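J.: Structure provided below as structure tokens; questions to follow.
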Amino acid sequence: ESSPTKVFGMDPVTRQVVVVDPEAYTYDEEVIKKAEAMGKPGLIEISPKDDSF
Amino acid sequence: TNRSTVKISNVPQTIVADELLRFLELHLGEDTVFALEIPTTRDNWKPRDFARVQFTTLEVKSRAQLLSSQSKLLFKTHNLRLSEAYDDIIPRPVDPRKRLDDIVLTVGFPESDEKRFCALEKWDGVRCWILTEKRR
Amino acid sequence: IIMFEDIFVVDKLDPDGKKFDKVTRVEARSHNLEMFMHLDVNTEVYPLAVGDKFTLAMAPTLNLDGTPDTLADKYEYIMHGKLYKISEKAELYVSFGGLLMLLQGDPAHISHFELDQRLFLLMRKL
């Protein structure tokens, strides 16, 4: 719920997070900030791709 | 290893005692922290950079020391460093067996030459603590 | 080509933060030489935790047998700087573009370093 847009999904059969529609991230550093606040610095790493548009 | 209180080197200035207690109980066992005191320069609104925490069992203290030596304690992007303290927060023995609760205490003197004892005043439900380190 | 080379073990970190987004100054003590070192390192791009062991080397040039001003494949944290202060147990003050370094050791260990010269910094965490 920390992400502004629907970029991460929850899988009920595996009880883990999944990546659905990664093109709607909008480069809002909200999920990373939440991960840092929870105490996990290297939980999710998101970087832009230079050769893809 | 003589005491159970461990002095934390650096803690964030914006945190409260409850947050640190919750963090310690999450990383360590549940309700394994007895006393947590954060010194304050002012009366009630300026805590210092360090804090002292008292553990119930020396095994918990050893586990916390091992975790701190491996830099596995990260509370709000701060690496907690654990060091020995000078004095205990509360003079309470680590051994639960030495703690005697709800016992009968009486005073007197060897009144008779034979194996006889006289009771003057008797107290019930007293607490007895044996401190080996403090010799009292 | 390497002037000073020894294994160093970190002792403590100045910020003691994992995601402070700031340059971190480390304190590492030399092994079998008793030398204390101050160095500003970037943790985000080069992680360094307490208790880790890393080697350190200093050479005037990265070329083989001369050509001052191919050791890049061996190390991974190459830097470049100059020595501006040598006065002290002598100590050195080398700044790698604003990143200060303080190598405090023994007078006999550091004797072949001149003032106002360019030197590199070779590092590898084993």
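Residue numbers start at 1 in each chain; chains themselves are named A, B, ... in the order of the structure tokens; ligands are numbered from 1 in the order shown.
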Show me, as a VMD selection string, the residues of chain A whose atoms get within 12 Å of chain B, using only C-alpha atoms for the distance check.
T.: chain A and resid 33 to 42
J.: Residues at most 8 Å from residue 42 (chain C), counting only C-alpha atoms, excluding those fewer than 2 positions away in the same chain, as a ChimeraX atom specification?
T.: /C:22-24,40,44-47
J.: Using N, CA, C and O atoms, can you write the selected residues to a file as an mmCIF file, in the first residue's frame?
T.:
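Saved result, again-v7.cif, follows:
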```cif
data_model
loop_
_atom_site.group_PDB
_atom_site.id
_atom_site.type_symbol
_atom_site.label_atom_id
_atom_site.label_comp_id
_atom_site.auth_asym_id
_atom_site.auth_seq_id
_atom_site.Cartn_x
_atom_site.Cartn_y
_atom_site.Cartn_z
ATOM 1 N N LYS C 22 25.770 9.903 2.799
ATOM 2 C CA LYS C 22 26.880 10.798 3.083
ATOM 3 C C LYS C 22 28.171 9.993 3.086
ATOM 4 O O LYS C 22 28.172 8.785 3.334
ATOM 5 N N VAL C 23 29.279 10.679 2.802
ATOM 6 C CA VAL C 23 30.585 10.033 2.831
ATOM 7 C C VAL C 23 30.910 9.615 4.260
ATOM 8 O O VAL C 23 30.654 10.354 5.220
ATOM 9 N N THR C 24 31.460 8.414 4.408
ATOM 10 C CA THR C 24 31.737 7.826 5.712
ATOM 11 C C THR C 24 33.241 7.737 5.928
ATOM 12 O O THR C 24 33.969 7.237 5.064
ATOM 13 N N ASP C 40 38.100 8.548 3.966
ATOM 14 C CA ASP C 40 36.714 8.826 3.605
ATOM 15 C C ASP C 40 36.330 7.921 2.438
ATOM 16 O O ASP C 40 36.907 8.020 1.351
ATOM 17 N N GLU C 44 27.764 3.516 -0.188
ATOM 18 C CA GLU C 44 26.716 3.124 -1.126
ATOM 19 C C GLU C 44 27.287 2.385 -2.330
ATOM 20 O O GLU C 44 26.720 1.381 -2.777
ATOM 21 N N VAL C 45 28.411 2.861 -2.868
ATOM 22 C CA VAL C 45 29.020 2.206 -4.019
ATOM 23 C C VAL C 45 30.060 1.164 -3.620
ATOM 24 O O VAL C 45 30.324 0.236 -4.399
ATOM 25 N N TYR C 46 30.654 1.284 -2.434
ATOM 26 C CA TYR C 46 31.657 0.340 -1.946
ATOM 27 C C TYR C 46 31.325 0.005 -0.499
ATOM 28 O O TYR C 46 31.752 0.710 0.425
ATOM 29 N N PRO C 47 30.561 -1.062 -0.262
ATOM 30 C CA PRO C 47 30.161 -1.393 1.113
ATOM 31 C C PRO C 47 31.351 -1.855 1.941
ATOM 32 O O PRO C 47 32.191 -2.629 1.474
#
```
J.: Taking only C-alpha atoms into account and nothing else, which residues of chain C lie no more than 10 Å away from chain B? Please answer as a list in words.
T.: residues 12, 13, 15, 16, 17, 18, 19, 20, 49, 50 and 51 of chain C
J.: Could you turn the residues from that selection into a file that holds N, CA, C and O atoms, as a PDB file, in the first residue's frame?
T.:
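This is the output file out-v4.pdb:
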```pdb
ATOM      1  N   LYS C  12      36.097   1.130  13.513  1.00  0.00           N
ATOM      2  CA  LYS C  12      34.821   1.796  13.736  1.00  0.00           C
ATOM      3  C   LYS C  12      34.548   2.739  12.576  1.00  0.00           C
ATOM      4  O   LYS C  12      35.452   3.110  11.824  1.00  0.00           O
ATOM      5  N   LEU C  13      33.282   3.120  12.444  1.00  0.00           N
ATOM      6  CA  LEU C  13      32.833   4.051  11.420  1.00  0.00           C
ATOM      7  C   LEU C  13      32.386   5.350  12.078  1.00  0.00           C
ATOM      8  O   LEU C  13      31.786   5.334  13.156  1.00  0.00           O
ATOM      9  N   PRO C  15      30.105   7.845  10.832  1.00  0.00           N
ATOM     10  CA  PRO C  15      28.653   8.067  10.855  1.00  0.00           C
ATOM     11  C   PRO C  15      27.890   6.893  11.447  1.00  0.00           C
ATOM     12  O   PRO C  15      26.828   7.081  12.051  1.00  0.00           O
ATOM     13  N   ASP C  16      28.428   5.682  11.283  1.00  0.00           N
ATOM     14  CA  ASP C  16      27.773   4.453  11.737  1.00  0.00           C
ATOM     15  C   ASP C  16      26.363   4.335  11.166  1.00  0.00           C
ATOM     16  O   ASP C  16      25.415   3.961  11.860  1.00  0.00           O
ATOM     17  N   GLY C  17      26.224   4.661   9.887  1.00  0.00           N
ATOM     18  CA  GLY C  17      24.936   4.602   9.226  1.00  0.00           C
ATOM     19  C   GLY C  17      25.011   3.804   7.942  1.00  0.00           C
ATOM     20  O   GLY C  17      26.015   3.822   7.229  1.00  0.00           O
ATOM     21  N   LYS C  18      23.920   3.097   7.655  1.00  0.00           N
ATOM     22  CA  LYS C  18      23.847   2.256   6.467  1.00  0.00           C
ATOM     23  C   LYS C  18      23.357   3.018   5.240  1.00  0.00           C
ATOM     24  O   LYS C  18      23.837   2.776   4.128  1.00  0.00           O
ATOM     25  N   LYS C  19      22.415   3.941   5.420  1.00  0.00           N
ATOM     26  CA  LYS C  19      21.813   4.684   4.317  1.00  0.00           C
ATOM     27  C   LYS C  19      21.752   6.170   4.647  1.00  0.00           C
ATOM     28  O   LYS C  19      20.730   6.836   4.467  1.00  0.00           O
ATOM     29  N   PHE C  20      22.864   6.714   5.142  1.00  0.00           N
ATOM     30  CA  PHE C  20      22.934   8.132   5.468  1.00  0.00           C
ATOM     31  C   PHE C  20      23.097   9.022   4.242  1.00  0.00           C
ATOM     32  O   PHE C  20      22.929  10.240   4.361  1.00  0.00           O
ATOM     33  N   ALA C  49      31.823  -3.048   6.066  1.00  0.00           N
ATOM     34  CA  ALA C  49      31.275  -3.288   7.392  1.00  0.00           C
ATOM     35  C   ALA C  49      32.397  -3.452   8.411  1.00  0.00           C
ATOM     36  O   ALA C  49      33.555  -3.692   8.064  1.00  0.00           O
ATOM     37  N   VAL C  50      32.032  -3.315   9.686  1.00  0.00           N
ATOM     38  CA  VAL C  50      33.006  -3.433  10.763  1.00  0.00           C
ATOM     39  C   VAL C  50      33.497  -4.873  10.854  1.00  0.00           C
ATOM     40  O   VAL C  50      32.723  -5.827  10.698  1.00  0.00           O
ATOM     41  N   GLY C  51      34.798  -5.035  11.089  1.00  0.00           N
ATOM     42  CA  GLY C  51      35.408  -6.342  11.185  1.00  0.00           C
ATOM     43  C   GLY C  51      35.918  -6.913   9.880  1.00  0.00           C
ATOM     44  O   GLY C  51      36.547  -7.979   9.893  1.00  0.00           O
TER      45      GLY C  51
END
```
J.: Please provide the set of residues having any atom within 12 Å of residue 27 (chain A), restricted to only C-alpha atoms, with same-chain residues fewer than 5 positions apart removed, written as a ChimeraX atom specification.
T.: /A:3-5,7,22,32,45-49
J.: Run DSSP on the backbone and grab whatever in chain A lands in alpha helix (DSSP H); send it over as a ChimeraX atom specification.
T.: /A:31-38
J.: Hey, what's within 12 Å of region 22-25 of chain B if we count only C-alpha atoms and toss same-chain stuff fewer than 6 positions away? As a list in words, please?
T.: residues 38 and 39 of chain A; 8, 15, 16, 31, 32, 33, 34, 35, 36, 53, 54, 55, 60, 61, 63, 64, 67, 68, 72, 73, 74, 75, 76 and 80 of chain B
J.: Please return, as a ChimeraX atom specification, all residues of chain A that DSSP assigns to strand (DSSP E or B) on the basis of the backbone.
T.: /A:8-11,16-19
J.: Given the choices B:127, B:3, B:116, B:122, which gets closest to residue 95 (chain B) if the distance is worked out from only C-alpha atoms?
T.: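 That would be B:3, the residue with the smallest distance to residue 95 (chain B).
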